[PDB]
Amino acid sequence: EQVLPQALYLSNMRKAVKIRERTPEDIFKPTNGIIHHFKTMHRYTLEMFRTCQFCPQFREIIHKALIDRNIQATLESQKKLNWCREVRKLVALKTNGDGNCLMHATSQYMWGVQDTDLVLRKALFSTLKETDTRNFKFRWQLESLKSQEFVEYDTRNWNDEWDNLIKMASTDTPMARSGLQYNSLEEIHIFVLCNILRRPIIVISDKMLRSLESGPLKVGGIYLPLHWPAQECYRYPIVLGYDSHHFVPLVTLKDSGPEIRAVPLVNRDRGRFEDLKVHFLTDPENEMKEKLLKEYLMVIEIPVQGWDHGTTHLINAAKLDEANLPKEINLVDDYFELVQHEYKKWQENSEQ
């Protein structure tokens, strides 16, 4: 059948191997005290190519193949994604939901490849085992009991319950607690991840859960690499999408329109613009959160449409990085060449 790969890395599995090979070698594994972190690959960003340049029947062939139409529809339908008309569109790439989707999602955002070799999944577990997690454990216990400014047990036990969280970060398999190859990761894991990458992660999650039955995992929000100074970190975010219980990358589109590369730092709430939740902040930081954002992100103000009445409000948005992957490690180009060719062969074919 119409052989147009389901993922961008299939267009050239050899190149994909090159990427997956350079990755672990780019990991700084300081056995001194600081967390394991990447030296340069975390600065990479990929963008999807424009398909609005192809015939409709064909444009759909592509979208059906690479995009997670389910999460796309869901997050867009609740105006949680691409609701802003002044910024570029973000697209959700399919990602394996084998319990390591957070790593596959993150890995795809910057590299085009998934965490097939469990390098990122391994970096996380290594950090939580061979590094000082005193500050992580702290921020974890804090937001657990809940202690912030933009959100809303028994008798002594915060070392074993934490212990487990470290087990989930492992490559071990659950006893089909839900039926996946790896254990599911939560908030704290995302936070440690953005520190290992020294790059902020912003998760766009589904709120539509009037039918939820969790007695909930509030993943949506901003994860800043607070264990590092904004100077030693990358000021461009990694945008992820999140629905029932699955992560997907929300990569920006490559060309069309004069709109800017930016991701609004607010939600198109019910009539109001609510600020996005910034995870694991301390009482102090929480006070200066708008400062930290301007520091760890490249914050800009954008005049967005008001609430359907000639009014316009000024909102905060983080600038999104532009595709910077060198050709020798750029899978979007190869996949593009595939579609370019099957297309010329689609025009000559549609002569029937």
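A residue's number is simply how far along the shown sequence it sits, counting from 1.
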| item | value |
| --- | --- |
| Where residue 215 meets residue 216 in the shown sequence, the number of deposited residues left unmodelled | 4 to 9 |
| Count class of coordinate-free deposited residues lying between the neighbours residue 152 and residue 153 | 4 to 9 |
| Which of 293-301 and 308-316 has higher mean CA B factor, as the PDB entry lists it | 308-316 |
| Entry-level comparison of average CA B-factors, 267-275 and 174-182, reporting the higher stretch | 174-182 |
| Largest Cα B-factor, entry values, listed residues 34, 61, 67, 46 | 34 |
| Among modelled residues of the same chain, the CA temperature factor third for residue 15 | lowest |
| Chain third (lowest, middle, highest) by recorded CA B-factor, residue given as residue 209 | highest |
| Among modelled residues of the same chain, the CA temperature factor third for residue 85 | highest |
| B-factor third for the C-alpha atom of residue 127 within its chain | middle |
| Chain-relative CA temperature factor third for residue 237 | lowest |
